[PDB]
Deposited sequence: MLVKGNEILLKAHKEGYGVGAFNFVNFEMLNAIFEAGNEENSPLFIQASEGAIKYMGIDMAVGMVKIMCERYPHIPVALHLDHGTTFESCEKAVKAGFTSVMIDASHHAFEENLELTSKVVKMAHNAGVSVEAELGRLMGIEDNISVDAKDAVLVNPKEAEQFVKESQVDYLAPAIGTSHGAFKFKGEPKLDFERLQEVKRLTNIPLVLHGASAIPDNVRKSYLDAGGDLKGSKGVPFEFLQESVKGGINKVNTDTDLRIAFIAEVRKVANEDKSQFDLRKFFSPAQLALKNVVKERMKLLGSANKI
């Protein structure tokens, strides 16, 4: 059922594996994510950004997730506010039924990031909700201080990732020795943002359907595994899903100009998304952890 984000991530912290945190914006993405979790016997972090919540309405975002939990009552599921920008945003998500909220004030200085994060934590913990924060590259000693002062449940340390399909213009590399240092001093679950890899087969599908991925590329599979070894426990994944989904939508549009049955577009798009999720669960080590 729907559980506190910390319940899932504490396990992954103790046993040293990574749980994927998969964004959704509608029913098709959510269904494919849940089907993958059921087929790989993996716990699920379900994420909604503030833009996705505006698109769906927060009543629908939580409502659809609750329905899916009743459909697969054996899968541990956390519903996570992705990149909350204000206290009030995190507070609205708590009242709506989210079991995990992230407050992104990494763009602020240490002192204001910590003051706002601490405010979110108090409100959230009062309602039984776990909190993620961000910091950053990261400096391990202030991370130690940040975590102890804020009492946040998980932390996203900056180690060389960024959202989108365009992660590194040159060689891909992440500062894993910084990560191991953060992990030691904080001893809490850690979060990797911008962790989409753009698998080879997903890139092929998008470009085969006439898509333009520009010079985009993401974290190699090897560096996601090394991140988990370093102590990452929550791996944010979104771009990979969207590319795999829209590749199939473009394909159907191209191959049959007379097709306007929505299910003919989105049934193959769901399957491609679902396979990206299933492979990621195995890569990160959360398969068969229910």
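Residues of the deposited sequence lacking C-alpha coordinates, numbered from 1, fall in the single stretch 137-153.
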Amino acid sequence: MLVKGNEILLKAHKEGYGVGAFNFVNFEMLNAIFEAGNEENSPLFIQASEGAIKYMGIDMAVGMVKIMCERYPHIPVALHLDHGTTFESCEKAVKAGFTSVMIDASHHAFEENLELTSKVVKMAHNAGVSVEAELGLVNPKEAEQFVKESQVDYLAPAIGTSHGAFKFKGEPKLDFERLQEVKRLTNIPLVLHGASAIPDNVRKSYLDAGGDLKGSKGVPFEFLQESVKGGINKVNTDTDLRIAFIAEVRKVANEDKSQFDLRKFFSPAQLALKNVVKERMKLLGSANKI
From here on, numbers count along this sequence of modelled residues.
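Each form is matched to the other, and the largest set of C-alpha atoms that superpose within 1.5 Å is called the rigid core.
Across the superposed structures in 8 other deposited structures of this protein, aligned by the core, the stretch whose Cα atoms lie more distant on average is 212-220, chosen from 212-220 and 87-95.
Higher average CA B factor: 159-167, of the stretches 159-167 and 200-208. Remark: stretch with higher mean C-alpha B factor among 48-56 and 26-34 is 48-56. Comparing C-alpha B-factors across 134, 153, 91, 142 in the deposited entry, the largest value falls on 142. Within the selection 148, 80, 95, 217, the deposited Cα B-factor values reach their highest point at 217.
Looking at the C-alpha B-factors along this chain, the one for residue 70 belongs to the middle third. For residue 84, the recorded CA temperature factor ranks within the lowest third of the chain's modelled residues. Residue 247 sits in the middle third of its chain by CA B factor, as recorded in the PDB entry. Per the PDB record, residue ranking by Cα B-factor puts residue 259 in the middle third of the chain. Looking at the C-alpha B-factors along this chain, the one for residue 227 belongs to the highest third.
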